[PDB]
Protein chains: 4
Amino acid sequence: XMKXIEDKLXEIXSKXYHXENXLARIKXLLXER
Amino acid sequence: XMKXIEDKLXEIXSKXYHXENXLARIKXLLXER
Amino acid sequence: XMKXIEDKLXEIXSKXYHXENXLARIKXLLXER
Amino acid sequence: XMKXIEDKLXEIXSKXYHXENXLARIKXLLXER
């Protein structure tokens with residue numbers, strides 16, 4: 001239930017790291033700080 | 001309701017695959033492991 | 001409250017379109033189907 | 001609890017800015033409006 005939802009919201013806030021590592025991919029393609 | 005929210009959180013954790021396939025796009029542009 | 005959360009989960013499932021339009025950016029950089 | 005979830009959904013709708021700034025990276029690689 002409640003603590004299912006909050007601990008999926010755990011996973012998403014891992015996928016929004018995997019967002020950071022998107023950018024750090026893009027900043028590879030750019031060599032940008 | 002509760003089980004609406006948990007099964008949107010189903011969809012998001014599909015969109016955060018569609019994140020994986022972003023990266024696997026970027027790693028196309030880079031030919032990187 | 002409940003119907004705050006479900007209608008943020010509205011917004012996210014708009015941001016995960018704005019994911020589609022990431023890819024359709026990347027597929028610009030690639031000219032890929 | 002409820003107001004934990006709504007204020008993670010705060011963070012996500014920050015990560016879906018950090019989506020905008022993905023695109024504004026991609027539009028760097030493209031020089032596109």
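Naming convention: chains lettered A, B, ... in sequence-line order (proteins, then strands); numbering from 1 in each chain. Excluded from the calculations below are hydrogen atoms, water molecules and symmetry mates; all remaining heavy atoms, backbone and side chain alike, are included.
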D:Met2 versus C:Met2, closest heavy-atom pair with distance: CE-N, 3.5 Å

D:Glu20 vs C:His18, test: side chain to side chain contact (heavy atoms under 4.5 Å, CB included). Steps then yes/no. CA-CA 8 Å; D:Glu20 293 269 33; C:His18 175 286; 3.3 Å; yes

Starting at CG of D:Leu23, measure out to CD1 of C:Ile26 and round the result to the nearest 0.5 Å. 9.0 Å

Once rounded to the nearest 0.5 Å, what's the spacing between atom CG of C:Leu29 and atom CD of D:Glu32? 8.0 Å

